[PDB]
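Visitor: from the sequence below, what's the structure:
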Amino acid sequence: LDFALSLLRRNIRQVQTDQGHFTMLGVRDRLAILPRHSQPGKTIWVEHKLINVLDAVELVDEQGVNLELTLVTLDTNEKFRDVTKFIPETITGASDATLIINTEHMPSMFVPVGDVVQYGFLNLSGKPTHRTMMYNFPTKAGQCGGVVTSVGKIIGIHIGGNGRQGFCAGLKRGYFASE
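Guide: Numbers count the residues shown, from 1 in each chain. Right below this line is the structure:
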């Protein structure tokens with residue numbers, strides 16, 4: 001709410017890649033995070049502004065397993081308000097999460113997806129993924145990249161769904177360490 005709005009306004013952006021429309025959380029400085037399937041190229045459009053992508057890291061875990069998250073460093077002066085303090089050290093579920101979506105098609109939208117549960121392994125379109133969580137809410141396409149928040153916590157990034165359920169990549173603060 002009071003946190004979600006602030007987050008929406010200052011850290012969540014409408015984005016397009018060659019793969020379509022996406023929601024993008026900027027975490028700090030010029031570092032933003034994207035669902036892997038957005039596949040950022042050398043450039044992206046952030047709110048219709050064309051922006052060079054300086055670095056794109058596809059996140060993987062210790063077992064080398066796909067986390068379905070892509071860390072991008074963006075070519076812009078303006079820095080993101082640092083929100084790392086709202087991200088938990090350890091991947092954590094929640095009782096009453098809100099999915100924040102912000103694309104051109106779905107502008108500034110909050111979706112009460114309910115309870116976010118620890119799910120773990122997930123076979124996203126054939127490719128194995130780790131550290132996923134789940135929520136019982138018809139999730140639709142075009143909501144990929146949406147930000148799952150709790151009371152003052154950013155806990156995940158929506159990466160897909162099976163019709164009846166939405167799936168998110170769990171967020172750990174350590175993903176966003178400098179170098």
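
Visitor: tell me the SS of residue 175?
Guide: Under the three-state scheme (DSSP: H, G, I helix; E, B strand; the rest coil), residue 175 adopts helix.

Visitor: how close does it sit to residue 94?
Guide: 18 Å (Cβ to Cβ, to the nearest Å). Heads up, the C-betas are built off the backbone N, CA and C, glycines and all.

Visitor: I'd assumed residue 148 was in contact with residue 97.
Guide: Yes - Residue 97 is within contact range of residue 148, at 5.1 Å (criterion: Cβ atoms under 8 Å).

Visitor: what's the overlap in contacts for the two?
Guide: Residues touching both residue 97 and residue 148 (Cβ atoms under 8 Å, 6 or more residues apart in numbering): 113, 116, 135, 155.

Visitor: residue contacts, the nearest residue to the third one once chain neighbours are set aside?
Guide: Ranked by Cβ to Cβ, 6 or more residues apart in numbering and with sequence neighbours excluded, the top spatial neighbour of residue 135 is residue 113, at 4.1 Å. When contacts are counted by Cβ under 8 Å, 6+ apart, residue 113 is found next to 97, 98, 99, 135, 136, 137, 139, 148, 166.

Visitor: quick one: the fourth one from residue 117, how far?
Guide: Relative to residue 117, residue 135 is positioned 7 Å away (criterion: Cβ to Cβ).

Visitor: more neighbours, the two?
Guide: Remark: of residue 135 and residue 117, residue 135 carries more neighbours, 25 against 16, as counted by other Cβ atoms under 10 Å.

Visitor: mind listing what's buried in stretch 6-25?
Guide: For stretch 6-25, burial by neighbour count (16 or more other Cβ atoms under 10 Å) applies to 7-8, 11-17, 21-25.

Visitor: from the residues you listed, which land in helices?
Guide: Using DSSP state H, the members of the buried residues of stretch 6-25 that fall within helices are 7, 8, 11.

Visitor: before we move on, back to that, the residue nearest to residue 135: helix or strand, and which one exactly?
Guide: strand 109-124 (DSSP states H and E).

Visitor: strand partners of whatever helix or strand comes next after that strand, parallel vs antiparallel please.
Guide: Next helix or strand after strand 109-124 toward the C-terminus (DSSP H and E): strand 127-135. The pairing partners recorded for strand 127-135 under DSSP bridges are strand 109-124 (antiparallel), strand 166-170 (antiparallel).

Visitor: give me the buried positions along the longest one.
Guide: The reference is to strand 109-124. Applying 16+ other Cβ under 10 Å to strand 109-124 flags 109, 110, 111, 113, 114, 116, 117, 119, 122, 124 as buried.

Visitor: can you get me a residue count around residue 179?
Guide: 2.
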